[PDB]
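**Student:** For now just these chains, pulled out of the complex without moving them:
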Amino acid sequence: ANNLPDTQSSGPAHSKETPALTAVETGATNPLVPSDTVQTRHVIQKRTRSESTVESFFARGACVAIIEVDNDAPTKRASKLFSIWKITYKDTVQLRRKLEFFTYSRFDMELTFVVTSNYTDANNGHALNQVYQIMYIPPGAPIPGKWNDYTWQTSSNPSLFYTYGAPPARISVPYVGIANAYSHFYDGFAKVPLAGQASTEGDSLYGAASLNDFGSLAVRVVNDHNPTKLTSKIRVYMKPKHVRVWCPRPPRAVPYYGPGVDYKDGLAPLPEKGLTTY
Amino acid sequence: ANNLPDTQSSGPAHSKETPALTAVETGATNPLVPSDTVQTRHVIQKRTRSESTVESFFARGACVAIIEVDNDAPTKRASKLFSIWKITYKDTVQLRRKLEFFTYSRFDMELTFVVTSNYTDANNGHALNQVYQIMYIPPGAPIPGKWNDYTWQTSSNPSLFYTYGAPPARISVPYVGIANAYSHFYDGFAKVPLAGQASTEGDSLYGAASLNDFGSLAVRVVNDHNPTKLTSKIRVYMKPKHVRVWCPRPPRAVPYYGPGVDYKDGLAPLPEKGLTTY
Amino acid sequence: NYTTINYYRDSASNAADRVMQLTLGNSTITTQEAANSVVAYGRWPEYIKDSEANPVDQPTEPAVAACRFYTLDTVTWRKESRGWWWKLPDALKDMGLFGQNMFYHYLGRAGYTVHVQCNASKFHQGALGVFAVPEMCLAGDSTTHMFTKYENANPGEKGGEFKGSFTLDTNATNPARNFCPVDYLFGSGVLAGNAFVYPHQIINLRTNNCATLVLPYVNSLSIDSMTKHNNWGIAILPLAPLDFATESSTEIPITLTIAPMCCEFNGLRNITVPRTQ
Amino acid sequence: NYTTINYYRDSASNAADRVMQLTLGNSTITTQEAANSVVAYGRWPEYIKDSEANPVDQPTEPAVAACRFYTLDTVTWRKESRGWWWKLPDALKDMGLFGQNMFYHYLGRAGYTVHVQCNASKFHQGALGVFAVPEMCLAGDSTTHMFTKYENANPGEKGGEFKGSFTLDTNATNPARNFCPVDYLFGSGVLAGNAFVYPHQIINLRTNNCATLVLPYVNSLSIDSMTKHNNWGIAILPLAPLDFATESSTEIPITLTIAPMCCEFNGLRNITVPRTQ
Amino acid sequence: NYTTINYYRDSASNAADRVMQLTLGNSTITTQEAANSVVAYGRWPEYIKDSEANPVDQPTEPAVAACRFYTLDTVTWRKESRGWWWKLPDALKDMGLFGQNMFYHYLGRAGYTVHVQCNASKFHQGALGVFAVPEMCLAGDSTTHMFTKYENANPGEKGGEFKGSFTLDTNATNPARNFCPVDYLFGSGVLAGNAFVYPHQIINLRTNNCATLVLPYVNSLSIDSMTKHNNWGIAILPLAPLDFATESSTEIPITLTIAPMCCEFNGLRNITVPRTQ
Amino acid sequence: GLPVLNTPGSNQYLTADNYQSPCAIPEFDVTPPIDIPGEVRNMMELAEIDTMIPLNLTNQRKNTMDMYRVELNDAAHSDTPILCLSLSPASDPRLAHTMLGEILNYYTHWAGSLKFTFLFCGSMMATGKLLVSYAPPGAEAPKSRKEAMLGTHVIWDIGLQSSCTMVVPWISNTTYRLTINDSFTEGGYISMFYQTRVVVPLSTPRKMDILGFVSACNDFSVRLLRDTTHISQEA
Amino acid sequence: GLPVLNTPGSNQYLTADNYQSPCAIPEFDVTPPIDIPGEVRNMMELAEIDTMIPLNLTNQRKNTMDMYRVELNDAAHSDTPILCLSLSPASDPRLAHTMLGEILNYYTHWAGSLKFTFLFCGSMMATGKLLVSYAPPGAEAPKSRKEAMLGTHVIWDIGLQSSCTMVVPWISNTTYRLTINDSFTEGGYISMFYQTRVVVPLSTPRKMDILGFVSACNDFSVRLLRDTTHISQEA
């Protein structure tokens, strides 16, 4: 984040000290500077690594979900009057890759909700401004089965009531991990199968645990239905704040295939170029 | 920027000192004042050059781009669901001329986006309030091919989500030139053609370099299409801030013809007036 | 200057070299052609501190009984070898009293000293990258995500091998449910050439015969279940293929010796007997 | 009074005379009818300071070997002459060890002393404006923008001539791809009468025989490629046409002598051989 | 209390008695029946101060040559008179060296001493309001706005007369293009009874024979063109009609004597010869 | 939270406003500036540089290099003007396209003294005396030297020094003048006359040229920045 | 209440903004952090780690483990290059997918010195001398050792130390370079040549491999964070 070191002038050298020659077998990166191999002038460095900080790298709102809801009528079976979305950053790739640069992370989160609505037909009248309810459902809490069941009382569940046309809604969340850091990767299982029990029992998905269980968001339109159908989409933008990260990893090189590290397609990411072609 | 000097009283003069007579061959402008050639009274000057400062001269939002986007349907091939605009001040003349008063400039920038939308037909229904995504694509970053491809995750690309009807969106940018100043003019090439290689290779456009490569803006409507087409235009206004300029040049006298200094038309800018006509 | 004032309670709402000897317990390792030794992330293994202890019951620290070098099965390096992987503590689950404490307790924690040994003459060629990967998740071999079963994910001291190319398991009736780690993708969809971001050492046969990696206990928790979670993964890849005097068919052994360090176990119960392959 | 408070981190977000002798190396110039000498922007040429050095490798400073006066080809001033232009360092690319250092290095930097010489009797008339233009971009001769090729943009010590009127190159099969600098537009779409905003000197034949301009190194970078980029452009225009005793057909030579100053080169490699016209 | 803070640079953005003798040059005026003398706005005429001088060239101050009383043509006050008006400096454009300096210079400035004289017996009746009006704009006589021509707007020392009623000039072929000042509208669409907001004096024939007004130079500029702009307007209206002993047909002269004061002229050139009526 | 009231002018975009905005590239490592020669802080610095006047805008001379030259000859003395200019530095065609005029065309109001510099480009053997005159406005534009000598003026002797500067002083009723052809804020008249005449010996060109330059003085200033009429765009 | 005026930019959502928001889980008891090894504060810390270069992207080698190995032999001395790279750490295919390239592809501008480390993976009995050269841009890319030795370079002796580091110094006209293939900000040319040759005794492999690694120096920096082109999503 802070200023880089200056460059010191270097003249000709004739000595038994050989910074150029090293041994990478040790696993240590040679900390050479230009003045070690070539003659250098004095440069008072003014560049800084301020935008390379882990905070800056993640200080952007990244779309992570597009939740679709409808306001048509209870009778219509093809219209989804409410939508439940499991909270995760793995429905999108860009933030997922930036995060999976690191094994562990710990950060507060900022959720911004951009709601856009539209008509689906013209010859059924018009609609009044809609209010959307976004109810956070932590794991274990009752999940709505209908758009107007008791669960939406939100006596305890945090809930956001957004008026259409208002600026995108926004909330902040502290670090809510049950562990001391978020696990981008979990090399293990939630169950250990025990000798004796049937192959059906004890079988758990690889890499899946309750560390990444954060509940879901239930989104509905609070208004009663107008004689015409209205389709709305809530876009969720996640911004990490106060980011700490641990154990850097090589970034994803091939397309993601599911919530894990599985790959199936695009296994040839590199193009063809001659060895002696510039 | 500061106050002008006062005018000192001057009486009759009879001496061998001749400020009026000079020699412009030296290339130096004679720094005469009225009291040197005529008898003057004392005037306590109160005028100032505050609005002539380089900051004031450029402290206006100047339109530099009108980006057109549509929200009709994926099937429609005549509707452009997203638009990519290379970032430059040379699509408009007024700011371009004010800037090309100087060879070099260095400034922060303020981008203001004024979004106006309209219907294109009447007998297809109506639309809900639109959200626009303006994604900054620095050089080298993947460029969207479809309005809904992975690039719009913006995990790293800065992105602005503007709700229609909100005040014009606005962002600020630091000086992001890879050189120490912005080059309004580059008297050179990006490649030097080398003896031996074919005339196809090594050929580069005159005055074009990567100094002025700043990436582009990709603008889309995030909403799904309503049964009716909606056409939107984003107007980009650029305001230099903290302006420093170097090497003043005569302003453009003839119409601009392309990104360079080329001229083709309107080469007769001056009217006809008699030599002895007042 | 600018002014900042917080208008909320919760802070979340606020704005953003060659000769070496290693003795552990009753085990000793001597090396003469070593390329030094790497301490992963510069952190030496340590015991849980009272300021970070989650479990309340008294831990057990077998010390020398379990903090000692165990040698795994030797693998063979050929010209056609693509690489090998092991999971820790999984590779040591059948190793003396360490495995006993591992299976008798609900929670376990340990760092490691990994010593990879590969001796060859001065007329041999080849380089091995030895990488310690925290949370070394590997890709499966089926269209079903995260479908690898426990038995295959925990091979034991034998570990697994990397593959030259990805093969899809189409057997619907009896799916293999095994890993398919591709060597150049490092088994996790990442280019192997970038794997050097992990703690590592290169065994270049012209320079060194061995590699030593001191892995601290790395996890999002102070202590976890060793039977559920593999803290570390040891991946060995041929960076430069093995070659020798043009004779061909040459193969040299690679031996792996791992010593757990600072072992702590909590939650004593009846022993865990995991289901076998 | 008013109160200002910044609510953001990045500062971008904040609100807004006659007898003279010049000796360089082994070259000397004496003048008796000089109109003084102009230092462009009042800045004398200098070497890169350690506080502004981009390249890290040691520069080479040929000093007297290259910091010396080279005389270009003489041009002829007639009544019909429209003016001439040269590009620096392009005009010196074939001048002694300066050109050698220019083509052997990737980066080069130099200021200049330009001495324009035009002697005529006391019965001659005419004035020459001599202008030093940073980034002297010239307009092309085709409907294609920025289409001038490298060979024509870098004529060398001969330079180019201004034109009375703009002519469009309609040859589609074999386009000229040459400049078309119009004298009254200064070759860049700007009125020539305003060209005096640039550093300049006027040679009025009744007053002076010569002009001297000390050009500092001017660029948006501390050091650049001399083969790619021409730092300066020397433009000579007849402000007052040449005339003499009504004899007509009179023509007097104009000689140009340029000395690079404070030459610095970085990035030594094999020599660059640019493609020729 | 309330708090105010300015958030902008430019301050525009911020929130909101009887016996008297007057000697000027070689001219002297004695009065015995004076109603004192009025100094318009309480400001005595003065020369331009160095803190307010717009022109830089040395002014000329003729002093006594031009700062002296000139007597205009006498008018006759009858029972039917509606009033008279003059424009200053227009009324003095043909008065000695004052008019010469006025027409030889581009810029002129002067205050005035206006002395209106109207003597009548103790058996006469009538009152005259004498008003000094800055920027005494008068209404025209045509449907075309602002159509009065220069020749009529500058009658000279004779001035003009007010009218009882407004008459419209319908002559399209040869429009008069003259003023039509209505007495009760004060010639400018304002009730004459309010004209007393201007500096003024009343000559009541039972009290005083004369009025004296000291007009400072009043203008939005420190100095202006005297040929283009009339700084002041002198308007005389019969407030009370003239009457005498029932004889009828009585008429008494009104004489006007104006002395320019503190005359300053700038911008000497050839003389201005304005077009005549 | 804190009770607030939205005043009028909320949600408006004024291109002249001065407000803080979020940075789109936070923590960017800005390239430091180097000392580049020729820095400019004020546009009046450029307006203070002499620039050649296109004085001779006749049909055959306009839009060529001849429009800058004014031809003198060795004819007999005459009182007719050599050149006549109107002091409208922004709207006068001969002045509008000078650098001073170009800068003034970005502003609405201007005020200050000007300097006209005339350079004699005849032979060394030519001699003469000229009269450069400024007449403040109001009177008839001087048609002969006899009228012109009554205004501000300088008698220029052409000798070893071939250049002469005449300062047009700031003589205005208003504190500022407009940058358009305007009667109330008209500037005046510049004119040039032969004082004696131009005399040359034999074997010398009998016709010579003078070049005109204009610039502002250190008391010059402008205000009310506007859009110029010297550049336009199509479609 | 308090009179307020709504400036432009009100009610907008800028993904780069930095504003306080209400907490949706007030009074949450946050789990304290533990000291986890391997904390990273700057992405340049990762960019400073050597990562193997996929130098050999031929048809049969690309997207295998062979793309990282460059094969040397004991043939007679030749001046043809062993390998040729273009100094475009983000856009060059052989460099784009290194960790340095991966980090640079999230940023628009970069500046600083690089280090290329070459590891010799032949037998102990092999000896040789190589020449690793960097040519700043502008001239023809060096096609032979004779051209290459005129630029920056290091002569690497293969002995008891099998690794050599060549630092490419920061030699740029601009203070920053772009992360795309760009002519005005082109980086230069890395090349490798045989200095003498590779010599082996009998009963030794006559063909060996070198591995290439790249990393940044401590003077390296990036800016103008952007979205990378190395990851994309469908539908």
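**Tutor:** Noted; the coordinates are in hand. Residues are numbered from 1 along each chain as shown, chains lettered A, B, ... in the order given.
**Student:** in what helix or strand does residue F:26 lie?
**Tutor:** For residue F:26, there is no enclosing helix or strand under DSSP states H and E.
**Student:** what about it, distance to residue D:9?
**Tutor:** Distance of residue F:26 to residue D:9, given as CB to CB, to the nearest Å: 6 Å. Where C-beta positions appear, they are placed from N, C-alpha and C, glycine not excepted.
**Student:** anything in contact with each of the two?
**Tutor:** residue G:18 (CB atoms under 8 Å, 6 or more residues apart in numbering or on different chains).
**Student:** which one of the two has more residues nearby?
**Tutor:** Taking neighbours as other CB atoms under 10 Å in any protein chain shown, residue F:26 and residue D:9 compare with residue F:26 leading, 27 against 20.
**Student:** The more buried one contacts residue A:58, correct?
**Tutor:** No - the criterion here is CB atoms under 8 Å, and residue F:26 misses it with residue A:58 at 10.7 Å.
**Student:** burial count for the residue of the stretch 1-150 of chain A found nearest chain G?
**Tutor:** Relative to chain G, the nearest point of the stretch 1-150 of chain A is residue A:61 (3.5 Å; CB to the nearest CB). By the criterion of other CB under 10 Å, residue A:61 has 28 neighbours.
**Student:** got the contact list for it?
**Tutor:** By CB under 8 Å, 6+ apart, the neighbours of residue A:61 are A:110, A:112, A:237, A:238, A:239, B:154, B:159, B:161, G:13, G:15, G:16.
**Student:** Report whether residue F:94 is found in a helix, as I expect.
**Tutor:** Yes - according to DSSP: H, G, I helix; E, B strand; the rest coil, the state of residue F:94 is that of a helix.
**Student:** onto the same structure, chain H please:
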Amino acid sequence: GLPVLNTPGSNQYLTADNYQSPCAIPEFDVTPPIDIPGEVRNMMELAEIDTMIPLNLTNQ
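**Tutor:** Now chain H, sitting on the chains shown earlier:
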């Protein structure tokens, strides 16, 4: 950023309000004032000047 609440009266234009607005001509060099005679600070100063009364408003 800072949490704010929009009170009633937001987005209204009251012709009697007193608010700061952006300047459309920044850095303008304002012409200084000169001492012009006859300055008025209060309308009651004008109301304090005697003015003739149209007392006789008969038809003729």
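**Student:** how about the residues of the stretch 101-250 of chain C near chain F?
**Tutor:** Taking CB under 8 Å from any CB of the partner chain, no part of the stretch 101-250 of chain C reaches chain F.
**Student:** Which stretches in the stretch 101-250 of chain C count as strands?
**Tutor:** For the stretch 101-250 of chain C, applying DSSP state E, counting those that start in this stretch gives strands covering C:105-117, C:124-134, C:160-161, C:200-204, C:210-215, C:232-244.
**Student:** can you dump the C-alpha coordinates of the last one into CSV?
**Tutor:** I take that to be strand C:232-244. Extracted C-alpha coordinates of strand C:232-244, given in CSV (Å, rounded to 0.1, in the frame of the first residue of the first chain):
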residue,chain,number,x,y,z
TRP,C,232,-2.7,-30.2,3.8
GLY,C,233,-2.1,-31.9,0.5
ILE,C,234,1.4,-32.9,-0.7
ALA,C,235,1.6,-32.8,-4.5
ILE,C,236,4.7,-34.0,-6.3
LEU,C,237,5.0,-33.3,-10.0
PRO,C,238,7.7,-34.1,-12.5
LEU,C,239,8.7,-30.6,-13.7
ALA,C,240,11.5,-32.0,-15.8
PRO,C,241,11.0,-35.6,-16.9
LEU,C,242,13.3,-38.3,-15.7
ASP,C,243,16.1,-39.3,-18.1
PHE,C,244,19.3,-41.4,-17.8
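**Student:** Just say helix, strand or coil for the residue in the stretch 151-278 of chain A positioned nearest to chain F.
**Tutor:** Here the stretch 151-278 of chain A gets closest to chain F at one residue, residue A:167, 11.0 Å apart by CB to the nearest CB. With three-state DSSP as the basis, residue A:167 sits in coil.
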